[PDB]
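Here the structure comes first, spelled out in structure tokens, and everything after it is commentary.
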Amino acid sequence: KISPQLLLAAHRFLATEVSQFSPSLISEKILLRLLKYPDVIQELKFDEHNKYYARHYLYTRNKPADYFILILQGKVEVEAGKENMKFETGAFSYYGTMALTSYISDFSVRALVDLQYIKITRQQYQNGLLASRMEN
């Protein structure tokens with residue numbers, strides 16, 4: 001289970017250091033409502049026997065994805081490139097930011113270790129923006 005300190009810090013960092021989620025674009029109370037919505041936080045269990053599997057890919061190469069994810073915990077790698085280069089990244093690295101706007105994914109995000117991430121859909125994002133336009 002994710003601790004409240006991690007969730008709140010993810011709210012802070014996500015609000016300030018990410019373009020689409022800035023408090024002017026989406027109000028703070030409604031960002032918390034969007035994070036608190038069910039299925040926004042998802043946990044993945046790593047299978048050691050089958051390291052490469054369809055479940056381990058959070059983003060698949062050249063296939064569509066409509067949502068933005070910010071990784072709170074675990075270790076992950078990105079396989080994207082023309083040469084198929086691979087980089088290792090860790091907690092609080094966000095992927096799929098412009099997929100929220102009105103997306104074939106060139107980047108491949110695969111789970112290296114047990115990770116805990118948040119998934120924010122384009123529908124959730126735009127609807128949350130509309131609710132943010134409500135006085136708040």
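The sequence shown begins at 1 in my numbering and counts up one residue at a time. All residues carry an ideal CB built from backbone N, CA and C; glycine is no exception.
So within the segment 39-125, which uninterrupted beta strand (DSSP E) runs reach at least 3 residues, ignoring any that extend past its ends? The segment 39-125 contains these whole beta strand (DSSP E) runs: 41-44, 57-59, 68-73, 75-78, 87-90, 109-111, 115-120.
The alpha helix (DSSP H) spanning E17 covers which residue range? The count along the sequence shown starts at 1 and reaches residue 17 at position 17. Per DSSP, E17 is one residue of the alpha helix (DSSP H) stretching across 4-17.
My understanding is that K75 touches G96, with C-beta atoms under 8 Å, so please give their C-beta distance in whole angstroms. Residue numbering aside, residue 75 sits at position 75 when the sequence shown is read from its first letter. Residue numbering aside, residue 96 sits at position 96 when the sequence shown is read from its first letter. Contact between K75 and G96 fails: their C-beta atoms lie close to 18 Å from each other, not under 8 Å.
Measure the beta-carbon distance from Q42 to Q73 and round it to whole angstroms, keeping in mind my assumption that it falls under 8 Å. Against the sequence shown, residue 42 aligns to sequence position 42. Against the sequence shown, residue 73 aligns to sequence position 73. Wrong, their Cβ atoms sit about 11 Å apart, outside the cutoff.
Skipping 5 residues on each side, what residues in its chain have a beta carbon closer than 6 Å to that of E28? Here residue 28 refers to the residue found at position 28 when the sequence shown is read from its first residue. Hits under 6 Å: none found.
What residue from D39, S24, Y103 has the CA that sits closest to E135's CA? Here residue 135 is taken as the residue at index 135 of the sequence shown, counted from 1. Nearest C-alpha to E135 among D39, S24, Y103: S24.
With respect to the alpha helix (DSSP H) encompassing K29, which residues constitute its N-terminal and C-terminal limits? For the purposes of this step, residue 29 is identified with residue 29 of the sequence shown, where counting begins at 1. 28-36 is the extent of the alpha helix (DSSP H) around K29.
Which of the three DSSP states is assigned to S132 in this structure? On the sequence shown, residue 132 is found 132 positions in, with the first residue counted as 1. Helix, per DSSP.
Check whether the Cβ atoms of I120 and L34 lie closer than 8 Å to each other. The residue you call residue 120 lines up with position 120 of the sequence shown. The residue you call residue 34 lines up with position 34 of the sequence shown. Cβ distance < 8 Å, so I120 and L34 count as in contact.
Is the beta carbon of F46 sitting closer than 8 Å to the one on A80? Here residue 46 corresponds to residue number 46 of the sequence shown, with the count starting at 1. Here residue 80 corresponds to residue number 80 of the sequence shown, with the count starting at 1. No.
Considering only the alpha carbon of each residue, which of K86, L6, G128, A99 lies closest to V109? Mapped onto the sequence shown, residue 109 falls at position 109. Per the Cα distances, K86.
If you measure between the beta carbons of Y67 and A15, is that distance less than 8 Å? Stepping through the sequence shown from its first residue, residue 67 is reached at position 67. Stepping through the sequence shown from its first residue, residue 15 is reached at position 15. No, they are not a contact pair.
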